[PDB]
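For reference, the structure discussed in these notes is given below.
These values consider heavy atoms only, across backbone and side chains, with no hydrogens, waters or symmetry-generated copies. Both counts, for ligands and for their atoms, begin at 1 and track the order of listing. Here, residue 1 is the first one in the sequence, and each next residue gets the next number.
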Amino acid sequence: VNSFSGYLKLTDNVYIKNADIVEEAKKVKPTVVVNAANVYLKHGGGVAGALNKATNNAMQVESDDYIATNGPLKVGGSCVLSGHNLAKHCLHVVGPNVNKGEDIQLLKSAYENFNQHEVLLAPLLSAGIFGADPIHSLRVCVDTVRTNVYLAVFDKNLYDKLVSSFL
Ligand SMILES: Cc1sc2ncnc(Sc3ccccc3C(=O)O)c2c1C
């Protein structure tokens, strides 16, 4: 039993809800919230901008120190940093960016990072400003993640298309 409330169950391990991921995190304080990061951990917009703004820029300050020490992430890669006021940990995961020209096959590699955590709150990787089709992202998630993932989708209308088209 966990405190995630009101999610539709898609499979044995994948759940989905129309919700603000920042509000879900603020409400649930999960062990792990996933950020839709880029390789430079520059949290400008989308999920990343919203998460970082909710931490009062502390996520960005921590991230800049991480990059100064370690250099950029790989597309498809991840790092674990603090969850600040939102979660115990934030798993920063880099899905491929279609608006940058990155190969969508790396989306599976990106989702594999979730398997290192038993339970996660997460957005749909590579969707939104990263350019990929959210329906495809959901399919890759279901076919790749084996741990318990709670997907928060902010837009009610997008949330409806994903449910109604789910195989
Ligand atoms: C202020 C908040 S909370 C939040 N929680 C989740 N996703 C997004 S944006 C997003 C990212 C990837 C796939 C779909 C969407 C979507 O349109 O729902 C957001 C935004 C902008």
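Across all non-hydrogen atoms, the minimal contact from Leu86 to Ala54 is CD2-CB, 4.1 Å. Across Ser82 and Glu62, no two heavy atoms sit closer than the pair N-OE2, 2.8 Å.
Contact annotation: for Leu158 versus ligand 1, heavy atoms closer than 4.0 Å belong to the side chain alone.
Every heavy atom of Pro134 sits 4.0 Å or more from the atoms of ligand 1.
Paired with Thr144 under the rule side-chain hydrogen bond (donor to acceptor under 3.5 Å, both in side chains), one option of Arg139, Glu112, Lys108 passes, and it is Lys108. Just one residue in the list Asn35, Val22, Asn52 forms a side-chain contact (heavy atoms from CB on, under 4.5 Å) with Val47, and that residue is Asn35. Applying side-chain contact (heavy atoms from CB on, under 4.5 Å) to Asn148 and the options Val14, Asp12, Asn13 leaves one that passes, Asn13.
The closest donor-acceptor contact from the side chain of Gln60 to the backbone of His43 lies under 3.5 Å.
Across the listed options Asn157, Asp20, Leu121, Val153, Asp20 owns the non-hydrogen atom lying nearest to atom 3 (S) of ligand 1. The option from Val22, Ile21, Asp155 that lies nearest to atom 4 (C) of ligand 1, judged by heavy atoms, is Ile21. If you check each of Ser126, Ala127, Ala50, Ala54 against atom 1 (C) of ligand 1, the one with the closest non-hydrogen atom is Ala50.
Distance check for atom 12 (C) of ligand 1: a protein heavy atom is found below 4.0 Å.
Of all atoms in ligand 1, numbered sequentially from 1 with element shown, those under 4.0 Å from a heavy atom of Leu124 are 12 (C), 13 (C). Annotation for ligand 1: atoms under 4.0 Å from non-hydrogen atoms of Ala152 are 6 (C).
The N/O atoms of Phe154, backbone and side chain alike, include one that comes under 3.5 Å of an N/O atom in ligand 1.
Other residues, nucleotides and ligands place more than 12 heavy atoms under 6.0 Å from the CD atom of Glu23.
Remark: minimum distance from atom 8 (C) of ligand 1 to any protein heavy atom is reached at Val47 CG2, 3.5 Å.
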